[PDB]
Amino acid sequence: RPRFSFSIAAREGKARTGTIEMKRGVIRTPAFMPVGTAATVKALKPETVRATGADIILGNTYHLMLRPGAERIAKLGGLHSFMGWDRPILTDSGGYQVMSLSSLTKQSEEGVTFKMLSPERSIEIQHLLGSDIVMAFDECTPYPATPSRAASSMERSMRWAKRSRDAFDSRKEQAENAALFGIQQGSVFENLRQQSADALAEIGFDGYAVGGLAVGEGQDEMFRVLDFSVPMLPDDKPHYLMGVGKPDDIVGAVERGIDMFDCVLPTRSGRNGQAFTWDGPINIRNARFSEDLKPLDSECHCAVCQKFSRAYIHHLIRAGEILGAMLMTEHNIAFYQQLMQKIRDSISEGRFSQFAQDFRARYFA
């Protein structure tokens, strides 16, 4: 396989379905990436992640650079070997979590110091991990932001995008075997989104993320921004909506041209008791499930729904049992992959608009 090749097999409106070929495997798009925090997709063996249909996972860099450390992971053979996942991994840059999870941060044009992470160091860490898709290092913009502050932040992020590109290209093994994505910023402002898209396309990347939209703005506003933002990106490269989202967010984002997604919702909310079903989410802790012998979802093909009842999982989650988290997480990740499969198939068959309508009618009934 090549280092990177994105091919679009079918289209419907702004929606696309296809494949990304990389050295470590093929990624079917639109794709959902389960999130690995601290070199594990929480409560799942990697074989179980694969059994749900995932082609690629996201690794959070911020935690790994702290524990066990990027140089240590490299010494041990890289993240793939360390965690037992041999397919593609996309790594975030670490910049978002440095701001949310650190203390005593100090920002500057060089990077961020916290209790330093620069564009150059972020790319090097992602190299040491052995990432297949490397994210440029950027300054995520708070929401809401004034136009002046959104512009300042976006401009710095574009300067940082060039530094990330040059750092990646300087390292032969990384440039030859991995891919690099740039991140569009600009908050909710069309002119800033356009300037950011233009800057990123001038530098040139293997794929383009829409950054800064998993920030509490609400679905209507997210969709309004995607409406004008996604068409600004190069059509022939993947479009990655970072940090999104709920099932209906994913469907609407695909309708607007997004090809890749990641979120902690299926894993984190699974451990909390929320299960996704075609008839909407349920909270398995609710007393109404204590004697319900049906599986989490009537149609789901996952290994949990073939074997275990709502009543049993209700008991496990109420009791704080590890198996409860295991079963909820496997089901939820499987549900997300089944959603992506239905999206891909419906685009291929030219019936995605109908699928989205049917999906919403039943999910929100």
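Residue indices: 1-based, along the sequence shown.
Enquirer: Is there a break between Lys115 and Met116, and how many deposited residues does it span: none, 1 to 3, 4 to 9, or 10 or more?
Expert: 4 to 9 residues are missing.
Enquirer: Averaging C-alpha B-factors over each stretch, which comes out higher, 353 to 361 or 12 to 20?
Expert: Result: 353 to 361.
Enquirer: Between 99 to 107 and 178 to 186, which has the higher average C-alpha B-factor in the PDB entry?
Expert: Per the PDB record, 99 to 107.
Enquirer: Which of these, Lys172, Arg165, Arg256, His239, has its C-alpha atom at the highest B-factor, as the entry lists it?
Expert: Spelled out: the listed residue with the top C-alpha B-factor is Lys172.
Enquirer: Report the option among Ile27, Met33, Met340, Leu66 whose CA atom has the maximum B-factor in the deposited record.
Expert: Of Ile27, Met33, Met340, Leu66, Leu66 has the highest C-alpha B-factor.
Enquirer: Would the CA B-factor of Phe228 place it in the lowest, middle or highest third of its chain?
Expert: It belongs to the middle third of the chain when residues are ordered by C-alpha B-factor.
Enquirer: Compare the C-alpha B factor of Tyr143 with those of the other modelled residues in its chain, then answer lowest, middle or highest third.
Expert: Ranked within chain, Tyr143 CA B lands in the highest tercile.
Enquirer: Hey, what third does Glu124 fall into on Cα B-factor, ranked over its chain?
Expert: Its C-alpha B-factor, which the entry lists for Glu124, ranks in the middle third among residues of this chain.
Enquirer: By its CA B factor, does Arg318 count among the lowest, middle or highest third of the modelled residues in the chain?
Expert: Within its chain, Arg318 is a middle-third residue by C-alpha B-factor, going by the deposited values.
Enquirer: Sorting the chain's CA B-factors, does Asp206 end up in the lowest, middle or highest third?
Expert: Lowest third.
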